[PDB]
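Backbone-built Cβ (ideal geometry, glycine too); neighbour counts: all protein chains shown. Coordinate-derived values only; no laboratory data.
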Amino acid sequence: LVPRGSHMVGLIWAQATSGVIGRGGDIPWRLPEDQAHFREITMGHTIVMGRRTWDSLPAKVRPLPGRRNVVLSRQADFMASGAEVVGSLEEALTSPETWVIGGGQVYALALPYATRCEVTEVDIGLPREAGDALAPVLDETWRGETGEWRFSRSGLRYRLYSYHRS
Ligand SMILES: NC(=O)c1ccc[n+]([C@@H]2O[C@H](COP(=O)([O-])OP(=O)(O)OC[C@H]3O[C@@H](n4cnc5c(N)ncnc54)[C@H](OP(=O)(O)O)[C@@H]3O)[C@@H](O)[C@H]2O)c1
Ligand SMILES: CCc1nc(N)nc(N)c1OCCCOc1ncccc1CCCO
Ligand SMILES: [Cl-]
């Protein structure tokens, strides 16, 4: 359970087996099971994203509904209609439960404060290319639960990981 006076920080992302999470300002696959899972985890909570992740969402769908949207930017004139723009993680992480929803820069930034990661791994062969956004690497202070491989309606294998630390 999450006490209302704490500040729990989780990370949630979907990656190829190579660790790629983003390419060319988008996610280089689509997996309905993953979007359903992302909604199930994050709904009702604050979500924190980097400015480039906000940019990657079509204007008509953002801010993502059912969640307090917070965007990280260092640009004093960047504005996110419907959402709050802050310049640091300290400003972004004031809710009792916060999910950092990407992208590569902000995962790495937020990991020192996080105690949970929820990962979808997609069994698509997407090798790392220069410029890609990548999943954060987790050191030995993390302990993980790896699900068995499942099969999506769209014909891709995928599996879920849950990582925790104190
Ligand atoms: N597969 C997934 O789970 C997943 C999830 C989310 C996103 N993505 C993909 O990942 C890519 C985006 O990731 P990215 O690494 O390029 O960018 P990002 O992490 O989404 O955003 C980077 C931006 O965040 C701001 N920022 C970074 N560090 C900051 C700090 N310390 N304080 C304040 N603001 C800070 C800066 O905005 P300013 O430049 O405005 O200062 C920076 O340009 C896209 O391809 C997207 O589609 C994938
Ligand atoms: C669903 C992708 C995802 N999956 C996991 N597991 N964790 C994340 N943090 C994550 O990204 C959430 C922010 C990027 O959302 C998208 N980006 C590109 C296309 C579609 C979407 C879905 C919102 C628009 O309907
Ligand atoms: Cl969503």
Verdict on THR53 being crowded, with 18+ Cβ neighbours inside 10 Å, hydroxyl-bearing (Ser, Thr, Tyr) and either near ligand 2 (Cβ under 7 Å from one of its atoms) or at positive phi (or both):
yes
Heads up, the strands (runs of 3 or more DSSP E) in the range 91-149 (entirely inside) with at least 2 residues that are within 15 Å of ligand 2 (Cβ to nearest atom) are 97-100, 116-122
Residue pairs qualifying under the 8 Å Cβ cut-off, at least six apart or on distinct chains, with the first in the range 95-117 being hydroxyl-bearing (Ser, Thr, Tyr) and the second being in a helix (DSSP H, G or I), are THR98/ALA92; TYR113/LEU89
Answer yes or no as to whether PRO65 is within 30 Å of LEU1 (Cβ to Cβ), without any contact (Cβ under 8 Å) to a residue 40 or more places away in the chain and out of contact with any strand residue (DSSP E or B) (no Cβ under 8 Å at 6 or more places or on another chain).
yes
Top-ranked residue in the range 12-47 [being more than 10 Å from ligand 2 (Cβ to nearest atom) and either of a type in the set (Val, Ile, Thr) or under 11 Å from the mean Cα position of the chain (by Cα) (or both); ranked as nearest to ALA130 (Cα to Cα)]
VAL20
Hey, could you check the range 87-133 for residues that are aliphatic (A, V, I, L, M) and surrounded by fewer than 19 Cβ atoms within 10 Å (Cβ to Cβ) and say which is farthest from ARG153 (Cα to Cα)?
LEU89
By residue number, the members of the range 44-71 that are in contact with a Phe, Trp or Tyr (Cβ under 6 Å, 6 or more places away or on another chain), part of a strand (DSSP E or B) and more than 10 Å from ligand 3 (Cβ to nearest atom) are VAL71
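Scan the range 8-24 and tell me whether some residue there is near ligand 1 (Cβ under 10 Å from one of its atoms), outside any loop (DSSP other than H, G, I, E, B), free of Cβ contacts under 8 Å to residues at least 60 places away in the same chain and in contact with a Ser or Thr (Cβ under 6 Å, 6 or more places away or on another chain).
Of the range 8-24, the ones near ligand 1 (Cβ under 10 Å from one of its atoms) are 11-16, 20-24.
Next cut, outside any loop (DSSP other than H, G, I, E, B) only: 11-16, 20-23.
Cutting the leftovers down to free of Cβ contacts under 8 Å to residues at least 60 places away in the same chain gives us none.
No: zero hits.
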One residue is enough: does the range 78-96 have a residue meeting the conditions aliphatic (A, V, I, L, M), closer than 17 Å to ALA135 by Cα, within 12 Å of ligand 1 (Cβ to nearest atom) and in contact with a strand residue (DSSP E or B) (Cβ under 9 Å, 6 or more places away or on another chain)?
no
